[PDB]
$ cat query-v1.csv   # CSV, C-alpha atoms and all ligand atoms
chain,number,residue,atom,x,y,z
E,1,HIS,CA,0.0,0.0,0.0
E,2,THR,CA,1.8,3.1,-1.4
E,3,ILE,CA,1.4,6.0,-3.8
E,4,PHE,CA,3.8,7.7,-6.2
E,5,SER,CA,2.4,11.1,-5.1
E,6,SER,CA,5.0,13.6,-6.3
E,7,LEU,CA,7.9,13.8,-8.8
E,8,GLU,CA,11.3,15.4,-8.3
E,9,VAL,CA,12.7,17.1,-11.5
E,10,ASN,CA,15.9,19.1,-11.7
E,11,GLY,CA,16.4,18.3,-8.0
E,12,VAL,CA,13.1,20.0,-7.0
E,13,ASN,CA,9.9,18.3,-5.8
E,14,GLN,CA,7.1,19.5,-8.0
E,15,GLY,CA,4.4,19.2,-5.3
E,16,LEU,CA,1.8,16.7,-4.0
E,17,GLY,CA,-0.3,15.5,-6.9
E,18,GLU,CA,1.2,18.3,-9.1
E,19,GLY,CA,1.7,16.8,-12.5
E,20,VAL,CA,1.1,13.3,-11.0
E,21,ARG,CA,-2.4,11.8,-11.2
E,22,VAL,CA,-2.9,10.6,-7.7
E,23,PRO,CA,-5.5,8.2,-6.3
E,24,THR,CA,-7.3,8.9,-3.2
E,25,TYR,CA,-6.6,5.5,-1.7
E,26,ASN,CA,-3.3,3.6,-1.6
E,27,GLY,CA,-4.6,0.1,-2.5
E,28,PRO,CA,-3.3,-1.9,-5.4
E,29,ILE,CA,-4.7,-2.9,-8.8
E,30,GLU,CA,-4.8,-6.7,-9.0
E,31,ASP,CA,-6.5,-7.3,-12.4
E,32,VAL,CA,-3.8,-6.9,-15.1
E,33,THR,CA,-6.6,-7.0,-17.8
E,34,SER,CA,-8.3,-3.8,-16.4
E,35,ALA,CA,-7.9,-0.4,-17.9
E,36,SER,CA,-6.8,0.6,-14.4
E,37,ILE,CA,-3.5,-1.1,-14.9
E,38,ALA,CA,-2.3,1.7,-17.1
E,39,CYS,CA,-2.5,4.8,-14.8
E,40,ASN,CA,-4.5,3.4,-11.8
E,41,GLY,CA,-8.3,3.8,-11.7
E,42,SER,CA,-11.5,2.0,-10.7
E,43,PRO,CA,-12.3,0.8,-8.2
E,44,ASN,CA,-10.0,3.6,-6.9
E,45,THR,CA,-10.5,7.2,-8.1
E,46,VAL,CA,-7.7,9.2,-9.6
E,47,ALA,CA,-7.4,12.9,-9.6
E,48,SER,CA,-6.6,15.0,-12.8
E,49,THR,CA,-3.9,17.6,-12.7
E,50,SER,CA,-3.3,20.5,-15.1
E,51,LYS,CA,0.4,20.6,-14.6
E,52,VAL,CA,2.7,19.3,-17.3
E,53,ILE,CA,6.3,19.1,-16.0
E,54,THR,CA,9.2,20.2,-18.3
E,55,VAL,CA,12.1,17.8,-18.1
E,56,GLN,CA,15.4,17.8,-20.0
E,57,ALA,CA,15.9,14.6,-22.0
E,58,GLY,CA,18.8,12.5,-20.6
E,59,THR,CA,18.3,13.7,-17.0
E,60,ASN,CA,16.8,11.8,-14.2
E,61,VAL,CA,13.5,12.3,-12.5
E,62,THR,CA,12.7,10.8,-9.1
E,63,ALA,CA,9.3,9.3,-8.2
E,64,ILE,CA,8.6,9.9,-4.5
E,65,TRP,CA,6.6,7.0,-3.0
E,66,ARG,CA,4.6,7.5,0.2
E,67,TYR,CA,2.3,5.3,2.2
E,68,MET,CA,-0.6,7.8,1.9
E,69,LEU,CA,-1.2,11.2,0.3
E,70,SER,CA,-1.0,12.8,3.8
E,71,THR,CA,2.2,11.0,4.9
E,72,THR,CA,4.7,13.5,6.2
E,73,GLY,CA,7.8,11.4,6.9
E,74,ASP,CA,10.2,9.2,4.8
E,75,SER,CA,11.0,6.3,7.1
E,76,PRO,CA,10.4,2.8,5.7
E,77,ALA,CA,6.8,2.6,7.1
E,78,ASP,CA,6.2,6.0,5.5
E,79,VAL,CA,6.9,4.4,2.1
E,80,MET,CA,5.5,0.9,2.0
E,81,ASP,CA,5.3,-2.1,4.3
E,82,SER,CA,8.5,-4.2,4.3
E,83,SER,CA,6.5,-7.4,3.4
E,84,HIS,CA,5.9,-5.9,0.0
E,85,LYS,CA,8.9,-7.3,-1.9
E,86,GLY,CA,9.1,-7.0,-5.7
E,87,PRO,CA,10.3,-4.9,-8.7
E,88,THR,CA,10.2,-1.2,-9.4
E,89,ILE,CA,9.6,-0.3,-13.0
E,90,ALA,CA,9.0,2.8,-15.1
E,91,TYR,CA,7.6,3.4,-18.6
E,92,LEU,CA,6.9,6.3,-21.0
E,93,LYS,CA,4.1,6.8,-23.5
E,94,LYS,CA,4.1,9.5,-26.2
E,95,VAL,CA,0.8,11.4,-26.1
E,96,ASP,CA,-0.8,14.5,-27.7
E,97,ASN,CA,-1.9,16.2,-24.5
E,98,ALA,CA,-0.4,14.9,-21.3
E,99,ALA,CA,-2.9,16.8,-19.1
E,100,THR,CA,-5.8,14.7,-20.6
E,101,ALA,CA,-4.6,11.6,-22.4
E,102,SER,CA,-5.9,8.4,-20.6
E,103,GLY,CA,-2.8,6.2,-20.9
E,104,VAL,CA,-4.8,3.1,-21.8
E,105,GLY,CA,-3.7,1.2,-24.9
E,106,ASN,CA,-0.5,0.9,-27.0
E,107,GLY,CA,2.5,3.2,-26.9
E,108,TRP,CA,4.3,2.3,-23.6
E,109,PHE,CA,8.0,1.6,-23.5
E,110,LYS,CA,10.0,0.6,-20.5
E,111,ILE,CA,12.8,2.9,-19.4
E,112,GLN,CA,13.7,1.5,-16.0
E,113,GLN,CA,13.4,-1.6,-13.9
E,114,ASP,CA,14.9,-3.0,-10.7
E,115,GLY,CA,13.9,-6.6,-9.9
E,116,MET,CA,16.1,-8.8,-7.7
E,117,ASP,CA,19.9,-8.1,-7.7
E,118,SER,CA,22.6,-10.7,-7.4
E,119,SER,CA,22.5,-10.3,-3.6
E,120,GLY,CA,18.8,-11.2,-3.4
E,121,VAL,CA,17.7,-7.6,-2.6
E,122,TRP,CA,14.5,-6.4,-4.3
E,123,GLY,CA,13.9,-3.1,-6.1
E,124,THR,CA,11.1,-2.2,-3.7
E,125,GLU,CA,13.5,-2.6,-0.7
E,126,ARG,CA,15.8,0.1,-2.3
E,127,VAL,CA,12.8,2.4,-2.4
E,128,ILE,CA,11.4,1.6,1.0
E,129,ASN,CA,14.9,2.0,2.6
E,130,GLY,CA,15.8,4.9,0.3
E,131,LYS,CA,13.3,7.5,1.6
E,132,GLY,CA,10.8,6.5,-1.1
E,133,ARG,CA,13.1,7.6,-4.0
E,134,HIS,CA,12.7,5.8,-7.3
E,135,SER,CA,15.1,7.4,-9.8
E,136,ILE,CA,14.4,7.1,-13.5
E,137,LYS,CA,16.5,8.3,-16.4
E,138,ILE,CA,14.6,10.0,-19.3
E,139,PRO,CA,16.3,8.8,-22.5
E,140,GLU,CA,18.2,11.4,-24.4
E,141,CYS,CA,17.3,9.8,-27.8
E,142,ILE,CA,13.5,9.8,-27.8
E,143,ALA,CA,11.4,12.3,-29.6
E,144,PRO,CA,10.6,15.6,-27.7
E,145,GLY,CA,7.2,16.5,-26.5
E,146,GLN,CA,4.4,15.4,-24.3
E,147,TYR,CA,4.6,12.0,-22.5
E,148,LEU,CA,3.0,10.1,-19.6
E,149,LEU,CA,5.5,8.5,-17.2
E,150,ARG,CA,4.1,5.4,-15.5
E,151,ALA,CA,6.1,4.5,-12.3
E,152,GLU,CA,5.2,1.2,-10.6
E,153,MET,CA,6.0,-1.0,-7.7
E,154,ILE,CA,4.8,-4.6,-7.7
E,155,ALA,CA,4.4,-6.3,-4.4
E,156,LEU,CA,4.7,-10.1,-4.6
E,157,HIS,CA,4.3,-11.3,-1.1
E,158,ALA,CA,0.8,-12.7,-1.9
E,159,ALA,CA,1.4,-13.6,-5.5
E,160,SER,CA,1.7,-17.4,-5.4
E,161,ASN,CA,-1.5,-17.6,-7.4
E,162,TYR,CA,-3.1,-15.1,-9.7
E,163,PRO,CA,-4.9,-12.8,-8.8
E,164,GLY,CA,-2.4,-12.0,-6.0
E,165,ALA,CA,0.3,-9.8,-7.3
E,166,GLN,CA,-0.3,-6.1,-6.2
E,167,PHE,CA,0.4,-3.4,-8.8
E,168,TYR,CA,0.9,0.1,-7.5
E,169,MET,CA,1.3,2.7,-10.3
E,170,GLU,CA,0.7,6.4,-11.0
E,171,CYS,CA,1.2,8.5,-14.2
E,172,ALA,CA,3.0,11.8,-14.3
E,173,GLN,CA,2.7,14.3,-17.1
E,174,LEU,CA,5.9,15.4,-18.8
E,175,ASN,CA,7.1,17.7,-21.5
E,176,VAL,CA,10.4,16.3,-22.7
E,177,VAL,CA,12.7,19.0,-24.0
E,178,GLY,CA,15.9,18.3,-25.9
E,179,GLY,CA,15.1,14.7,-27.0
E,180,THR,CA,16.9,14.1,-30.3
E,181,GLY,CA,14.4,11.6,-31.9
E,182,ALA,CA,17.4,9.5,-32.9
E,183,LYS,CA,15.6,6.3,-31.8
E,184,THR,CA,11.9,5.2,-32.0
E,185,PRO,CA,11.0,2.7,-29.2
E,186,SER,CA,9.0,-0.4,-29.9
E,187,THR,CA,5.9,-0.3,-27.7
E,188,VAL,CA,3.5,-2.4,-25.7
E,189,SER,CA,-0.1,-1.9,-24.3
E,190,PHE,CA,-1.5,-1.5,-20.9
E,191,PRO,CA,-3.6,-3.5,-20.4
E,192,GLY,CA,-1.8,-6.2,-22.4
E,193,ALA,CA,1.9,-6.2,-21.5
E,194,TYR,CA,1.3,-8.2,-18.3
E,195,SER,CA,-0.4,-11.5,-17.9
E,196,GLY,CA,-1.6,-13.4,-14.8
E,197,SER,CA,0.6,-16.3,-16.0
E,198,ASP,CA,3.8,-14.3,-16.3
E,199,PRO,CA,6.7,-15.8,-14.3
E,200,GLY,CA,7.1,-12.4,-12.5
E,201,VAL,CA,3.4,-12.1,-11.7
E,202,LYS,CA,2.4,-15.7,-10.5
E,203,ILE,CA,5.3,-16.4,-8.2
E,204,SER,CA,5.9,-17.9,-4.7
E,205,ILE,CA,8.7,-15.8,-3.4
E,206,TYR,CA,9.3,-18.1,-0.4
E,207,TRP,CA,8.5,-21.6,-1.7
E,208,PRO,CA,11.2,-22.1,-2.7
E,209,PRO,CA,13.0,-18.8,-2.1
E,210,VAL,CA,13.8,-17.2,-5.4
E,211,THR,CA,17.3,-16.2,-6.5
E,212,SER,CA,16.4,-14.9,-9.9
E,213,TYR,CA,13.3,-12.8,-10.9
E,214,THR,CA,12.0,-12.0,-14.4
E,215,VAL,CA,10.4,-8.5,-14.3
E,216,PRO,CA,7.2,-8.5,-16.4
E,217,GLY,CA,6.8,-6.5,-19.5
E,218,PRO,CA,9.2,-5.7,-22.4
E,219,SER,CA,13.0,-5.2,-22.2
E,220,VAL,CA,14.3,-1.8,-21.1
E,221,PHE,CA,14.7,0.6,-23.9
E,222,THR,CA,18.2,2.0,-24.4
E,223,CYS,CA,19.6,4.6,-26.6
G,301,LIG,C1,19.0,7.7,-12.9
G,301,LIG,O1,18.1,6.6,-13.1
G,301,LIG,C2,18.8,5.4,-13.5
G,301,LIG,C3,17.7,4.4,-13.7
G,301,LIG,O2,16.8,4.7,-14.8
G,301,LIG,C4,19.8,5.0,-12.4
G,301,LIG,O3,20.6,3.9,-13.0
G,301,LIG,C5,20.7,2.8,-12.1
G,301,LIG,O4,21.4,3.2,-10.9
G,301,LIG,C6,21.6,2.1,-10.0
G,301,LIG,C7,22.2,2.6,-8.7
G,301,LIG,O5,23.5,3.1,-9.0
G,301,LIG,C8,22.5,1.0,-10.7
G,301,LIG,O6,22.6,-0.1,-9.8
G,301,LIG,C9,21.9,0.6,-12.0
G,301,LIG,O7,22.8,-0.3,-12.7
G,301,LIG,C10,21.5,1.8,-12.9
G,301,LIG,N1,20.8,1.4,-14.1
G,301,LIG,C11,21.2,1.7,-15.3
G,301,LIG,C12,20.4,1.2,-16.4
G,301,LIG,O8,22.2,2.4,-15.5
G,301,LIG,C13,20.7,6.2,-12.0
G,301,LIG,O9,21.5,5.9,-10.9
G,301,LIG,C14,19.8,7.4,-11.7
G,301,LIG,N2,20.5,8.6,-11.3
G,301,LIG,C15,20.3,9.1,-10.1
G,301,LIG,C16,20.9,10.4,-9.9
G,301,LIG,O10,19.5,8.6,-9.3
G,302,LIG,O1,-1.0,-4.8,0.3
G,302,LIG,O2,-1.0,-6.1,0.9
G,303,CU,CU,-0.1,-3.1,0.5

$ encode --input "query-v1.csv" --output "structure tokens"
Amino acid sequence: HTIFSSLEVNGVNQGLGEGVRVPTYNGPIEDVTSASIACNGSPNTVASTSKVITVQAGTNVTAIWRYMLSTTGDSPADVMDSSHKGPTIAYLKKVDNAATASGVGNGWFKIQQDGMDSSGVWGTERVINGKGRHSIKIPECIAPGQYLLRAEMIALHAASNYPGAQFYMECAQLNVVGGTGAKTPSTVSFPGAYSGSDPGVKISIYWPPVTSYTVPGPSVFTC
């Protein structure tokens, strides 16, 4: 239970729900076939925001994860419960109007992931124990203009069967400046990119303990 409730750009937090479409409640999506898997949604409610955040291509933005919208600290419990082990992931989608585009459908490409490292530590544990900071590089080589940024944490502690995996995601609204357009990503759809049968979705993280993890979705796009 967690929310990507603000984005840091150029080292400055852009504000709570400012340029990030935040849900009222911190619960997960569990149905990977739902329209809500793209940018969150029903049975939650997600707020619209008029802010589109300018970001220089090639630089990092940092999603700031918090337990609830009103949370005021950054200790582990202020981010997400330590039972919630799994990957962190981020995607972009080119859109016409980042303040209104829904994010459902084709156009997503993966730009970051952190599953399980060679020491058995999960991406979510780096966020939980890193003050909620989920750093994401905006590629330098993509086309400039308006995008959605979907940042996600998947908790797998209850994922031995499907449904069970818990998907926490929010979409931020970006204007990417300086992108060279030198490379056009291949894209996937949300819903569509994840299946309840995926090895990273239906998984028993303790039975036996896993030492390798396959993050769901496509490969990370690189310039
Ligand atoms: C910018 O974001 C990228 C991820 O998109 C970060 O790159 C990862 O950094 C970790 C921590 O050093 C490494 O273990 C990974 O190997 C890196 N991944 C890649 C693909 O390079 C990068 O550290 C971020 N920069 C900042 C300032 O947070
Ligand atoms: O969230 O369990
Ligand atoms: Cu939870």

$ closest_atom_pairs --input "query-v1.csv" --of "chain E" --to "ligand CU 303 (chain G)" --cutoff "7 Å" --atoms "all atoms listed in the file" --output "JSON lines"
{"residue": "E:1", "atom": "CA", "partner": "G:CU303", "partner_atom": "CU", "distance": 3.1}
{"residue": "E:2", "atom": "CA", "partner": "G:CU303", "partner_atom": "CU", "distance": 6.8}
{"residue": "E:27", "atom": "CA", "partner": "G:CU303", "partner_atom": "CU", "distance": 6.3}
{"residue": "E:28", "atom": "CA", "partner": "G:CU303", "partner_atom": "CU", "distance": 6.8}
{"residue": "E:81", "atom": "CA", "partner": "G:CU303", "partner_atom": "CU", "distance": 6.7}
{"residue": "E:84", "atom": "CA", "partner": "G:CU303", "partner_atom": "CU", "distance": 6.6}

$ residues_around --input "query-v1.csv" --residues "residue 218 of chain E" --least-positions-apart "2" --cutoff "8 Å" --atoms "all atoms listed in the file" --output "JSON, numbers by chain"
{"E": [109, 110, 188, 193, 216, 220]}

$ atom_distance --input "query-v1.csv" --atom1 "atom CA of residue 91 of chain E" --atom2 "atom CA of residue 205 of chain E"
24.5 Å

$ closest_atom_pairs --input "query-v1.csv" --of "chain E" --to "ligand LIG 302 (chain G)" --cutoff "12 Å" --atoms "all atoms listed in the file" --output "Markdown table"
| residue | atom | partner | partner_atom | distance |
| --- | --- | --- | --- | --- |
| E:1 | CA | G:LIG302 | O1 | 4.9 |
| E:2 | CA | G:LIG302 | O1 | 8.6 |
| E:3 | CA | G:LIG302 | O1 | 11.8 |
| E:25 | CA | G:LIG302 | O1 | 11.9 |
| E:26 | CA | G:LIG302 | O1 | 8.9 |
| E:27 | CA | G:LIG302 | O1 | 6.7 |
| E:28 | CA | G:LIG302 | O1 | 6.8 |
| E:29 | CA | G:LIG302 | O1 | 10.0 |
| E:30 | CA | G:LIG302 | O1 | 10.2 |
| E:67 | CA | G:LIG302 | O1 | 10.8 |
| E:80 | CA | G:LIG302 | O1 | 8.8 |
| E:81 | CA | G:LIG302 | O1 | 7.9 |
| E:82 | CA | G:LIG302 | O2 | 10.3 |
| E:83 | CA | G:LIG302 | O2 | 8.0 |
| E:84 | CA | G:LIG302 | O2 | 7.0 |
| E:85 | CA | G:LIG302 | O2 | 10.4 |
| E:86 | CA | G:LIG302 | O1 | 12.0 |
| E:153 | CA | G:LIG302 | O1 | 11.3 |
| E:154 | CA | G:LIG302 | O1 | 9.9 |
| E:155 | CA | G:LIG302 | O1 | 7.3 |
| E:156 | CA | G:LIG302 | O2 | 8.9 |
| E:157 | CA | G:LIG302 | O2 | 7.7 |
| E:158 | CA | G:LIG302 | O2 | 7.4 |
| E:159 | CA | G:LIG302 | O2 | 10.1 |
| E:164 | CA | G:LIG302 | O2 | 9.2 |
| E:165 | CA | G:LIG302 | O2 | 9.1 |
| E:166 | CA | G:LIG302 | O1 | 6.7 |
| E:167 | CA | G:LIG302 | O1 | 9.3 |
| E:168 | CA | G:LIG302 | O1 | 9.4 |

$ atom_distance --input "query-v1.csv" --atom1 "atom CA of residue 187 of chain E" --atom2 "atom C11 of ligand LIG 301 (chain G)"
19.8 Å

$ residues_near_ligand --input "query-v1.csv" --ligand "ligand LIG 301 (chain G)" --cutoff "10 Å" --atoms "only C-alpha atoms and all ligand atoms" --output "list in words"
residues 11, 58, 59, 60, 61, 62, 89, 90, 110, 111, 112, 113, 114, 117, 123, 126, 133, 134, 135, 136, 137, 138, 139, 220, 221 and 222 of chain E

$ closest_residue --input "query-v1.csv" --among "E:181, E:120, E:208, E:41" --to "residue 140 of chain E" --atoms "only C-alpha atoms"
E:181

$ residues_around --input "query-v1.csv" --residues "residue 183 of chain E" --least-positions-apart "6" --cutoff "7 Å" --atoms "all atoms listed in the file" --output "number ranges by chain"
E: 141-142, 223

$ write_last_selection --input "query-v1.csv" --atoms "C-alpha atoms" --output "PDB file, keeping the file's coordinate frame"
ATOM      1  CA  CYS E 141      17.300   9.800 -27.800  1.00  0.00           C
ATOM      2  CA  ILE E 142      13.500   9.800 -27.800  1.00  0.00           C
ATOM      3  CA  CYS E 223      19.600   4.600 -26.600  1.00  0.00           C
TER       4      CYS E 223
END

$ residues_around --input "query-v1.csv" --residues "residue 35 of chain E" --least-positions-apart "2" --cutoff "9 Å" --atoms "only C-alpha atoms" --output "number ranges by chain"
E: 31-33, 37-42, 103-105, 190-191

$ atom_distance --input "query-v1.csv" --atom1 "atom CA of residue 124 of chain E" --atom2 "atom CA of residue 202 of chain E"
17.4 Å

$ residues_around --input "query-v1.csv" --residues "segment 144-150 of chain E" --least-positions-apart "5" --cutoff "8 Å" --atoms "only C-alpha atoms" --output "JSON, numbers by chain"
{"E": [38, 39, 57, 90, 91, 92, 93, 94, 95, 96, 97, 98, 103, 169, 170, 171, 172, 173, 174, 175, 176, 177, 178, 179, 180, 181]}

$ write_last_selection --input "query-v1.csv" --atoms "C-alpha atoms" --output "mmCIF file, in the coordinates of the input"
data_model
loop_
_atom_site.group_PDB
_atom_site.id
_atom_site.type_symbol
_atom_site.label_atom_id
_atom_site.label_comp_id
_atom_site.auth_asym_id
_atom_site.auth_seq_id
_atom_site.Cartn_x
_atom_site.Cartn_y
_atom_site.Cartn_z
ATOM 1 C CA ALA E 38 -2.300 1.700 -17.100
ATOM 2 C CA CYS E 39 -2.500 4.800 -14.800
ATOM 3 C CA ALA E 57 15.900 14.600 -22.000
ATOM 4 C CA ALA E 90 9.000 2.800 -15.100
ATOM 5 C CA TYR E 91 7.600 3.400 -18.600
ATOM 6 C CA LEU E 92 6.900 6.300 -21.000
ATOM 7 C CA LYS E 93 4.100 6.800 -23.500
ATOM 8 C CA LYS E 94 4.100 9.500 -26.200
ATOM 9 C CA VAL E 95 0.800 11.400 -26.100
ATOM 10 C CA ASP E 96 -0.800 14.500 -27.700
ATOM 11 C CA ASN E 97 -1.900 16.200 -24.500
ATOM 12 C CA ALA E 98 -0.400 14.900 -21.300
ATOM 13 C CA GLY E 103 -2.800 6.200 -20.900
ATOM 14 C CA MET E 169 1.300 2.700 -10.300
ATOM 15 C CA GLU E 170 0.700 6.400 -11.000
ATOM 16 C CA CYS E 171 1.200 8.500 -14.200
ATOM 17 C CA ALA E 172 3.000 11.800 -14.300
ATOM 18 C CA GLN E 173 2.700 14.300 -17.100
ATOM 19 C CA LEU E 174 5.900 15.400 -18.800
ATOM 20 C CA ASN E 175 7.100 17.700 -21.500
ATOM 21 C CA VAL E 176 10.400 16.300 -22.700
ATOM 22 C CA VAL E 177 12.700 19.000 -24.000
ATOM 23 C CA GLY E 178 15.900 18.300 -25.900
ATOM 24 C CA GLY E 179 15.100 14.700 -27.000
ATOM 25 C CA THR E 180 16.900 14.100 -30.300
ATOM 26 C CA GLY E 181 14.400 11.600 -31.900
#

$ closest_residue --input "query-v1.csv" --among "E:47, E:210, E:201, E:128" --to "residue 116 of chain E" --atoms "all atoms listed in the file"
E:210

$ residues_around --input "query-v1.csv" --residues "residue 65 of chain E" --least-positions-apart "3" --cutoff "6 Å" --atoms "all atoms listed in the file" --output "number ranges by chain"
E: 3-4, 79, 132

$ closest_residue --input "query-v1.csv" --among "E:214, E:48, E:106, E:204" --to "residue 21 of chain E" --atoms "all atoms listed in the file"
E:48

$ closest_residue --input "query-v1.csv" --among "E:99, E:198, E:7, E:121" --to "residue 211 of chain E" --atoms "only C-alpha atoms"
E:121

$ closest_residue --input "query-v1.csv" --among "E:185, E:24, E:54, E:118" --to "residue 219 of chain E" --atoms "all atoms listed in the file"
E:185

$ closest_residue --input "query-v1.csv" --among "E:51, E:34, E:152, E:13" --to "residue 192 of chain E" --atoms "all atoms listed in the file"
E:34

$ decode --input "query-v1.csv" --residues "segment 178-189 of chain E" --atoms "N, CA, C and O atoms" --output "CSV table (one decimal), in the first residue's frame"
chain,number,residue,atom,x,y,z
E,178,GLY,N,14.6,18.6,-25.6
E,178,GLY,CA,15.9,18.3,-25.9
E,178,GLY,C,16.0,16.8,-26.4
E,178,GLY,O,17.2,16.4,-26.8
E,179,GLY,N,15.0,16.1,-26.5
E,179,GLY,CA,15.1,14.7,-27.0
E,179,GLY,C,15.4,14.8,-28.5
E,179,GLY,O,14.9,15.6,-29.2
E,180,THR,N,16.4,13.9,-28.9
E,180,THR,CA,16.9,14.1,-30.3
E,180,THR,C,16.0,13.3,-31.3
E,180,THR,O,16.2,13.6,-32.5
E,181,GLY,N,15.2,12.4,-30.9
E,181,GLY,CA,14.4,11.6,-31.9
E,181,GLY,C,15.3,10.6,-32.6
E,181,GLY,O,14.8,10.1,-33.6
E,182,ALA,N,16.5,10.4,-32.2
E,182,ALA,CA,17.4,9.5,-32.9
E,182,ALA,C,16.9,8.0,-32.8
E,182,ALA,O,17.4,7.2,-33.6
E,183,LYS,N,16.0,7.7,-31.9
E,183,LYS,CA,15.6,6.3,-31.8
E,183,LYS,C,14.1,6.2,-31.4
E,183,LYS,O,13.6,7.0,-30.6
E,184,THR,N,13.4,5.3,-32.1
E,184,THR,CA,11.9,5.2,-32.0
E,184,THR,C,11.7,3.9,-31.2
E,184,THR,O,12.0,2.8,-31.7
E,185,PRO,N,11.2,3.9,-30.0
E,185,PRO,CA,11.0,2.7,-29.2
E,185,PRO,C,9.9,1.8,-29.8
E,185,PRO,O,8.9,2.3,-30.4
E,186,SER,N,10.1,0.5,-29.7
E,186,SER,CA,9.0,-0.4,-29.9
E,186,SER,C,8.1,-0.4,-28.6
E,186,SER,O,8.7,-0.2,-27.5
E,187,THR,N,6.8,-0.5,-28.8
E,187,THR,CA,5.9,-0.3,-27.7
E,187,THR,C,5.0,-1.5,-27.4
E,187,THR,O,4.8,-2.4,-28.2
E,188,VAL,N,4.4,-1.4,-26.2
E,188,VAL,CA,3.5,-2.4,-25.7
E,188,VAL,C,2.2,-1.6,-25.1
E,188,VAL,O,2.2,-0.4,-25.0
E,189,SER,N,1.2,-2.4,-24.8
E,189,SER,CA,-0.1,-1.9,-24.3
E,189,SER,C,-0.3,-2.1,-22.9
E,189,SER,O,0.1,-3.2,-22.3
